[PDB]
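So this first bit is one chain, no partners, the form deposited in one PDB entry, shown in structure tokens.
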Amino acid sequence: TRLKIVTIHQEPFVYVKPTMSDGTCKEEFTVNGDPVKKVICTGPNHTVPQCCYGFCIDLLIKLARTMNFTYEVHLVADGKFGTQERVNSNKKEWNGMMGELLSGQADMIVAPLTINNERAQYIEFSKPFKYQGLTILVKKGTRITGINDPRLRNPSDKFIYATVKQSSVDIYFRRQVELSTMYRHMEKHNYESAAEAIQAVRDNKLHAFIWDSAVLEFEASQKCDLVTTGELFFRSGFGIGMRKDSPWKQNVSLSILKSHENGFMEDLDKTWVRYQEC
């Protein structure tokens, strides 16, 4: 009953920070006066201990306490969420957190992991712990109507847009042949992580970043030179990921349902996700 948890850096769901000199995590409270629960998480820096906290870490602690399991947390080695790719050929393999979970390097994924058909074929997802969708981030002053803007639908190198490599958004644009023109543009430009793409929008090196709205709205509220455009063009949820033989499956899902119903998720969203408009 000691679970290897894999996660990934992705504010506001998972914050990653250096430990203190003695290798513990600095005691800290949120803006509203709540203790910040921090766990040691090892990850690439070679491999070093670090501090992780945020929406998904609070959820993990609640799960661990409710179902009575213990855990060790690590950050996915390749830094990706996970897509399936051809190897060399014949065989297909998952990368990212999906790969680690399938290979047994992790027993559970606790992260803002998008639920889709492609992944649900190989793993078991909980019922969604967060409902959200896809939207588009641009520098304030940039003008696009959204996903059907002619500068997106008929791409050139005069207007660059991208998402994160090896993520559910990559899968989304790759799976539809009518989106092949957009995909051809994006793959030329996709970023290694959400944070780098966001920075590139600020630096005017990327004109539009297509990504999770739970993340993009948080970013736009922290950084007023950034705005989202077009509301949600697609709706999707995040869920806990487990292998199909997990004995924890049912109880994780029941716990998530219970937590929506009793205001626990409301608390988390107010602590971590909610935000004052610019």
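Start at 1 with the first residue shown and count on from there. Take the two forms, find the largest set of C-alpha atoms that superpose within 1.5 Å, and that set is the rigid core.
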Check: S156 without coordinates in a third or more of other entries: no
Other entries omitting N45, at least a third: yes
Between neighbours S89 and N88, residues that the deposited sequence lists but the model omits: 1 to 3
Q250 to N251: deposited residues without atomic coordinates: none
Segment of higher mean CA temperature factor, 235-243 or 23-31: 23-31
Stretch exceeding the other in mean C-alpha B-factor - 118-126, 185-193: 185-193
Largest Cα B-factor, entry values, listed residues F159, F173, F81, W94: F159
Member of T145, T163, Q166, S103 with the greatest C-alpha B factor (per the PDB record): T145
Lowest, middle or highest third - CA B-factor, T7: lowest
Chain third (lowest, middle, highest) by recorded CA B-factor, residue given as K258: lowest
Relative C-alpha B-factor of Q50, binned into the chain's lowest, middle or highest third: middle
Within-chain third of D225 by Cα B-factor, per the entry: highest
Chain third (lowest, middle, highest) by recorded CA B-factor, residue given as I210: lowest
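We do not show the form deposited in another entry, though everything after this point is about it.
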Identity of the moved residue from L75, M108, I123, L206, C-alpha shift 2 angstroms or more, core fit between the shown form and the other one: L206
Did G33 shift 2 Å or more between the shown form and the other one, C-alpha, core superposed: yes
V227 C-alpha moves between the shown form and the other one by 2 Å or more, core aligned: yes
Per-residue C-alpha change between the shown form and the other one, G99, threshold 2 Å, rigid core fit: no
